[PDB]
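J.: no sequence on this one, just coordinates:
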Ligand code: CLA
Ligand code: CLA
Ligand code: CLA
Ligand SMILES: C=Cc1c(C)c2cc3nc(c4c5[nH]c(cc6nc(cc1[nH]2)C(C)=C6CC)c(C)c5C(=O)[C@@H]4C(=O)OC)[C@@H](CCC(=O)OC/C=C(\C)CCC[C@H](C)CCC[C@H](C)CCCC(C)C)[C@@H]3C
Ligand SMILES: CCCCCCCCCCCCCCCC(=O)OC[C@H](COP(=O)(O)OC[C@@H](O)CO)OC(=O)CCCCCCCCCCCCCCC
Ligand SMILES: CC1=CCCC(C)(C)[C@H]1/C=C/C(C)=C/C=C/C(C)=C/C=C/C=C(C)/C=C/C=C(C)/C=C/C1=C(C)CCCC1(C)C
Ligand SMILES: CC1=CCCC(C)(C)[C@H]1/C=C/C(C)=C/C=C/C(C)=C/C=C/C=C(C)/C=C/C=C(C)/C=C/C1=C(C)CCCC1(C)C
Ligand SMILES: [Fe+2]
């Protein structure tokens, strides 16, 4: 009989039951989407949108719901924090219930198609055995996909008959779902332009519509039909797996590096924003601009928003988590309550001291304080080591500007070294660890988890592309080689390899 | 201290494939015994 | 409010009899299909 | 050793399977609240 | 509807069963420490 | 130590104290294990690739071999030709006994 | 506006390569038969369909 | 409590090895 | 006089568990059970490691 | 085989199984379009890779606003 | 001296094992292979 | 026939070296990758990217010469010779590490070409393509380690440099910064590689020690001829030996050879999954329970905690010279030590 | 227009005229000459 790893190949030559099992998989996927959305809604806390966002609570499908319009909830709250009186049906709960109902309907359809498998549609008119005209099916489905793409780009994204897409500022402070007009110039091709999405979907939809018309009207060449084995479903499977892992790699790259389709307010900061100090430079620039307008240092640091300071925190770096450190980032480093303010360290002389930021690479990084020149002035010894630049010896004092601790100055060594250790992680934040029993090791943002999962999926699907392409290109030899192979494999006595006519 | 989910994951990810394999083997042996003289 | 033991009790006392019954039914159907023409 | 004459096939009906699944699920529903206390 | 000609019996060897049980138990032993963390 | 993390600690301390990575004999051992993996994969691929058709499409190809059969289950000539066309013709183990002797020899020597 | 490939493309060759038996193999078979190497478990090394087909007709 | 799970997994693996050794499918000449 | 735990009952998992090698004070001296003052002393100095290794 | 209204509606779409064009068909057109697609993919890849700057195109978060 | 003669002792233990096994096989009379006419394992009962 | 048919006939001719259609991709890419590696290890320096001398011209030997990765100032740039970094200048392109990108890209395309070559030769010979599926193991290793890992990291700088001592550095760097030995996927990879070596050795010894006496000569290599319809070794004797020695033995040759194929491939793919996980710093670095136990109990020590301390020492004492772009300056007081503990 | 895009276009032209065209022309010429 069939081995355990070939069982589903029973529906290889049965189009009706192939449609049934594909309907079952779609039902399972839609049911997972609905159940995951409901679970996330049961877990999600919309109390603090700025310091406890969705990406700090481990939300996975909620960012994808919020990306293209679904921001309100039937509980009278929104992701942006603006209360809504009439949320409408298409809230997160409504989307989840719609996906669950769709899963049920697809399950019923799968049951019907499995039971009613023998249909005249699935049988070739010329030969009574069942068959599928794969080129025509591809043309029809390509036309369908082009129509859907054009509709999404022209109506949903542009807001003519849709809600629009999520657009944020350069630093993720004020972002919301808004319509975007298409950008047909070269400016529509950088990944950080939301208008490029609308222009892309419109143009690609039109081109796909034309391509579907062509692939419906025109039959394949005999050369390509024999070369690609177009009468075999397995070559379609192999090509689809190839395109699927191609798209998985592309989406993994866009998620990890960042794009207009991966907003910071929905998926969290990228690691390269921490590597280049993307938010730190903006914060310093704002502080310098405020200082130029006559405002004092405390006023300048008090004008810094809490969200922008929270973005400049290494605990929000997606490259600081662990493979088996499960749960949300709040489970990792506690829930953020308020910004404590920017600390400034001065020695006995009065030189300005800054603590070097911890690179995402290091699990444990030494605490080093350097002046504007770059010379090391203070450091925390390793564990119990003799020191000549200890904080208790250099007499470093810290003063906080902005936040809760605005105007407060600390002098004693323990609190100064504690604040230096907290400042080596970026902006100093206060966390509560009792509501979730947080341990203290950093977790990963949903961006990093998506990147990990889909990168591994892309690699495994490259393996699947290789296997299934080998299967469809070598179907005649699947059971084994015959007795004619030993003659053509003999060295010499054949002018062309694998050609009986030659020699 | 240790999460409920950790024990649940370990026990279920052990048992479910195990019972699947045992069911498949028992089904195959049942077919073999039914087809052969008994 | 009880710990992992309660969840393990519920899940295992559900699944183990269920997989036992499913295995027995699959074995019986396998014997029926093997003995009958296939 | 050798062939054992006492070997007998075991059969479970689809009705019996459903009766068993229903009994197990109903017992789980009933006793889950008490196990969770 | 009707009799489906694509139905095929499924067989698992005792060697395959033992390979599967060993693989599942070894994977459980390996990943239990990481799941418990 | 008789453990996993203890084994890792042993490896790290040995590398620190002795620099085993730069030792030519550990390099020979690494070559031995890598070559053993490569040769096992290659031999398996060549034997599985040239399996003589003794089975139908509805069953596993392993049933094409019967325990105790006197005939060879795979075509040595086909695998030899494939290997001698993948690389230049001269590099090929035409003798099966010599090939298996090399398979035994390489990782053991490493 | 104002030919069929006629190739199966779903066909395994499915031709069994028969191997003949010589006197040496027959002597080995007889020696193994005398030691009970052919009795005991008859379904070993055979697929479910192969064993089913051999049990259906002798 | 996790020590119980570890010991159970190890003993189960050892029992699987025991059953694979002493209850294997007996090879025969076909 | 700073022991190292390698047993499951003392806070180890499968990965971190090990049979700790014998004490450095023992060296490569033959250390069976009967050459230790007490069973606790034998366990404290890594005698089971020597037993397992030799057998 | 069951006959249905939807089955007979969609039957001509699944009627010409194995029907092929004569030798090489429209292969040069397919190759040309694939070459154009490859050039387009290279252009967009080098754009985000920053190995290609066109004009007024700033591959950066700061381009958002 | 220690490394050289330890290596020599190990490789000569290997040589002793090889030559002793081959001496036993040659004295018994199957160092060139299995006879294939009266195979020893074919006379033994299975299991 | 047409031009395409004639070119296919010529590429398929039985020559000493098979070319094929896949050769048009394999031969130039592989030749350029190998030649670029030789050029980098012979002439090209790493002084402006890593602050290191890695070339025979600078005095390095075979072990210490390497084609070092590009500078961390470059991101994940393709580093085209005509690209904005080099702007057509060969000297600046070599100085910034562009030769590493050249070798890596042309070598990835050479691996693709060799896999296609295996597919094409399998198709022409008329055998199953279980090669180019075994080679998917090495392909996944190369893709995960030399391409996916630096792409997940800051730049190409953290990819392995193409050299012996460079590879050893990469091993120790990954151990220090990721604790890759503790990664379960790496453990499965180690198990796969060691089991594949075990299978190779044990199968070779088993076949050599179960041969039939098919010759009168003491040396038994002459007793085999390729045109044999009979097996050259006794499978029954080997099965009996390993079943009464180890408790279990192979009875199917096809399953045995598929297993010898499967073990290294599965190990390599699991290790590739682990390295892909490392690419985003999503590492099984530490056990939270053990860290919490050690924090609240100074007398609690296991070999895992010692490994954590060793990794911390590796990171602290190699950061300054391994990442010169970061300008790390660590005083002796903050450098971890055993006495400092 | 930027020097980077000029370099990209020149790279496409160089890849066509130094790699694709010479190898393709040589392959076609040798294949047509040696019909065997
Ligand atoms: C009426 C149909 C419908 C609608 C309106 C939605 C709407 C939604 N779904 Mg649901 N879903 C549906 C059907 C639907 N779904 C079905 C049938 C399934 C089962 C397969 C799912 C499974 C599902 C999951 C698992 C998830 C959603 C999610 C979502 C939300 C985000 C969508 C998103 O980002 O997609 C993004 C989709 C893409 C980027 C795919 C793009 C298409 C690719 C690029 C095509 C490539 C090949 C193409 C043919 C080439 C074209 C060629 C060209 C020339 C034309 C949104 C509320 C997500 C969510 O928030 O959770 C609730 C989520 O996680 N859905
Ligand atoms: C593309 C897939 C994908 C991605 C990227 C995410 C991402 C996320 N999920 Mg979701 N999830 C998914 C699929 C996915 N999920 C599916 C399919 C389910 C249904 C089972 C769930 C159910 C789910 C729940 C119920 C929860 C999440 C949560 C989370 C978050 C943290 C997860 C974490 O720490 O991982 C930790 C992962 C691991 C510790 C192990 C991952 C698997 C590794 C690679 C090994 C597995 C193979 C190995 C051999 C298994 C051995 C088996 C052995 C015993 C035999 C994150 C946003 C949590 C959250 O914060 O949301 C609010 C949460 O509570 N997810
Ligand atoms: C769209 C994707 C797709 C589809 C439709 C198929 C379809 C098929 N494959 Mg392919 N395959 C794929 C992806 C796909 N595969 C990928 C990505 C890989 C790489 C890992 C493979 C590797 C592969 C091999 C090596 C083989 C197949 C085989 C088969 C056939 C039978 C499968 C079977 O009975 O499994 C039965 C499976 C089980 C009984 C249990 C498997 C459970 C797995 C191990 C873990 C559980 C997964 C989990 C439940 C859901 C995954 C989530 C998803 C997002 C991935 C069938 C034609 C087989 C065949 O017949 O070819 C000769 C075969 O030998 N495939
Ligand atoms: C480090 C170990 C290692 C090496 C060196 C190696 C090497 C090789 N194995 C090959 C084959 C294989 N490998 C296989 C299984 C395995 N191979 C393994 C491990 C290795 N395999 C493992 C673990 C397995 C088990 C799955 C199989 C099944 C095959 C084959 O079919 C094939 C063969 O015929 O071998 C008998 C050849 C591929 C030729 C090729 O791609 O075309 C030409 C070479 C190219 C394209 C590579 C050039 C570009 C490279 C990637 C980058 C440049 C590298 C520099 C030139 C050198 C740098 C040196 C420093 C790193 C020190 C080559 C000789
Ligand atoms: C004195 C003996 C001392 C050792 C006794 C135990 C060793 C034997 C173990 C048998 C079970 C292994 C095979 C199971 C599966 C099984 O039943 O295999 C049976 C199989 C024989 O199968 P056949 O060749 O008959 O299969 C024909 C095919 O058509 C079937 O698909 O044997 C092998 O393939 C080789 C086994 C390799 C050896 C694998 C060793 C794995 C060791 C794992 C140890 C984990 C320890 C964890 C500790 C916590
Ligand atoms: C039927 C029906 C008809 C009408 C009436 C009705 C009741 C309204 C309706 C029902 C509708 C309903 C109720 C529809 C709802 C249907 C549901 C609940 C579908 C659930 C799907 C869950 C999936 C696919 C999870 C898969 C997990 C995977 C793949 C593995 C994950 C992971 C693990 C743990 C293992 C390791 C890998 C990773 C990835 C780490
Ligand atoms: C003694 C010894 C002991 C052990 C055994 C042993 C190993 C066999 C032996 C070793 C013997 C030895 C020492 C053997 C060593 C032999 C050597 C040194 C061979 C060097 C070959 C150089 C090549 C192929 C460079 C080609 C340049 C190219 C392709 C240019 C590329 C270009 C680059 C740079 C990039 C830009 C574009 C272009 C222009 C394309
Ligand atoms: Fe072999």
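T.: Great, that's in hand. Residues are numbered from 1 along each chain as shown, chains lettered A, B, ... in the order given. Ligands and ions are numbered 1, 2, ... in the order given.
J.: next one: stretch A:235-254 to chain centre, how far?
T.: Stretch A:235-254 has its average C-alpha position 16 Å from the chain's average C-alpha position, going by CA atoms, centre = their mean, to the nearest Å.
J.: buried sites along that stretch?
T.: A:235-239, A:241-242, A:245, A:248-249, A:251-254 (16 or more other CB atoms under 10 Å in any protein chain shown). C-beta here means a position set from N, CA and C on the backbone, and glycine is covered the same way.
J.: Touching stretch A:415-433 from outside, list them.
T.: Residues outside stretch A:415-433 that contact it (CB atoms under 8 Å, 6 or more residues apart in numbering or on different chains) are A:274, A:280, A:283, A:309-310, A:312-315, A:333-343, A:345, A:355-358, A:365, A:367, A:369, A:378, A:380, A:391, A:396-398, A:400, A:403-404, A:410, A:438, A:440.
J.: dump the residue contacts of whatever residue of the stretch 101-250 of chain L ends up closest to ligand 1.
T.: Nearest residue of the stretch 101-250 of chain L to ligand 1: residue L:151, at 21.3 Å (CB to the nearest ligand atom). Counting by CB under 8 Å, 6+ apart, residue L:151 touches A:253, A:256, L:76, L:279.
J.: Would you reformat the buried residues of stretch A:235-254 as a markdown table and include secondary structure?
T.: Shown next, in a markdown table, are the buried residues of stretch A:235-254 (DSSP: H, G, I helix; E, B strand; the rest coil):
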| residue | secondary structure |
| --- | --- |
| A:235 | helix |
| A:236 | helix |
| A:237 | helix |
| A:238 | helix |
| A:239 | helix |
| A:241 | helix |
| A:242 | helix |
| A:245 | helix |
| A:248 | helix |
| A:249 | helix |
| A:251 | helix |
| A:252 | helix |
| A:253 | helix |
| A:254 | helix |
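J.: Touching, residue D:28 and residue C:12? I think so.
T.: No: shown here, residue D:28 and residue C:12 do not form a contact pair, counting by CB atoms under 8 Å, at 10.2 Å.
J.: coming back round to it: chain center to the helix or strand where the residue of the stretch 101-250 of chain L closest to ligand 1 lies, what's the gap?
T.: Per DSSP states H and E: residue L:151 is located in helix L:149-152. Centroid separation for helix L:149-152 versus its chain: 15 Å, with CA atoms, centre = their mean.
J.: which is the next helix or strand following that helix?
T.: Assigned by DSSP H and E, the successor of helix L:149-152 is strand L:162-163.
J.: and that next one, is it in reach of chain F?
T.: No: judged by CB under 8 Å from any CB of the partner chain, strand L:162-163 stays clear of chain F, getting no closer than 12.6 Å.
J.: does that strand come close to ligand 7?
T.: No: Strand L:162-163 is not in contact with ligand 7 by CB under 6 Å from any ligand atom; minimum separation 12.9 Å.
J.: Sheet partners, orientation included, of that strand?
T.: Sheet pairing of strand L:162-163 (DSSP bridges) gives strand L:66-67 (antiparallel).
J.: Can you show me the strands along chain A?
T.: A:165-167, A:176-178, A:335-339, A:342-346, A:352-355, A:368-370, A:376-379, A:397-401, A:409-410, A:429-432 (DSSP state E).
J.: ok, residue 17 - how many residues close by?
T.: Went with chain A since none was named. Using other CB atoms under 10 Å in any protein chain shown, residue A:17 is surrounded by 22 other residues.
J.: my bad, chain D
T.: Around residue D:17 there are 18 residues (other CB under 10 Å).
J.: cool, and residue L:197?
T.: By other CB under 10 Å, the burial measure for residue L:197, its neighbour count, is 26.
J.: Now do the contacts for it.
T.: With CB under 8 Å, 6+ apart, residue L:197 has these contacts: F:32-33, F:36-37, F:40, F:107, F:110.
J.: Which of these sits closest to residue A:74?
T.: For the contacts of residue L:197, the residue nearest residue A:74 by CB to CB is residue F:37; the value is 57.4 Å.
J.: between the strands of chain A, which one is nearest to residue L:194?
T.: strand A:368-370 (42.2 Å).
J.: and the longest helix for chain G?
T.: Secondary structure of chain G read by DSSP state H shows that its longest helix is helix G:23-34.
J.: Contacts for that one, please.
T.: So helix G:23-34 is in contact with F:68, F:70, G:21, G:38, H:29, K:36-39, K:42-43, going by CB under 8 Å, 6+ apart.
J.: what's the most distant pair in those?
T.: G:21 and K:43 (20.5 Å).
J.: can you redo the strands of chain A as JSON lines with mean neighbour count?
T.: Below are the strands of chain A laid out as JSON lines (neighbours: other CB atoms under 10 Å in any protein chain shown):
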{"stretch": "strand A:165-167", "mean neighbour count": "22"}
{"stretch": "strand A:176-178", "mean neighbour count": "16"}
{"stretch": "strand A:335-339", "mean neighbour count": "20"}
{"stretch": "strand A:342-346", "mean neighbour count": "21"}
{"stretch": "strand A:352-355", "mean neighbour count": "19"}
{"stretch": "strand A:368-370", "mean neighbour count": "22"}
{"stretch": "strand A:376-379", "mean neighbour count": "22"}
{"stretch": "strand A:397-401", "mean neighbour count": "22"}
{"stretch": "strand A:409-410", "mean neighbour count": "14"}
{"stretch": "strand A:429-432", "mean neighbour count": "17"}
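J.: Residue most distant from the centroid, the chain?
T.: Reading this off chain A. Distance from the C-alpha centroid of chain A, by CA atoms, centre = their mean, peaks at residue A:503 (57.7 Å).
J.: Who are the contact partners of the residue nearest to that residue when sequence neighbours are not counted?
T.: Of all residues not flanking residue A:503 in the chain, residue A:495 sits nearest, at 4.3 Å (CB to CB, 6 or more residues apart in numbering or on different chains). By CB under 8 Å, 6+ apart, residue A:495 lies in contact with A:502-503, L:13-14, M:36.
J.: again with residue A:90
T.: So residue A:90 contacts A:69-70 (CB under 8 Å, 6+ apart).
J.: In chain D, which residue sits nearest ligand 6?
T.: Closest point on chain D to ligand 6, by CB to the nearest ligand atom, is residue D:25, at 14.9 Å.
J.: Likewise for chain K?
T.: Taking CB to the nearest ligand atom, chain K has residue K:47 as its residue nearest ligand 6, at 40.0 Å.
J.: Setting the sequence-adjacent residues aside, check what's closest to that residue.
T.: Nearest to residue K:47 is residue H:26, by CB to CB, 6+ apart, at 5.7 Å.
J.: dump the residue contacts of the residue most central in space within chain H.
T.: Nearest to the geometric centre of chain H sits residue H:16, at 1.0 Å (CA atoms, centre = their mean). When contacts are counted by CB under 8 Å, 6+ apart, residue H:16 is found next to E:18, E:21-22, E:25.
J.: Confirm that it sits in a helix.
T.: Yes: under three-state DSSP, residue H:16 sits within a helix.
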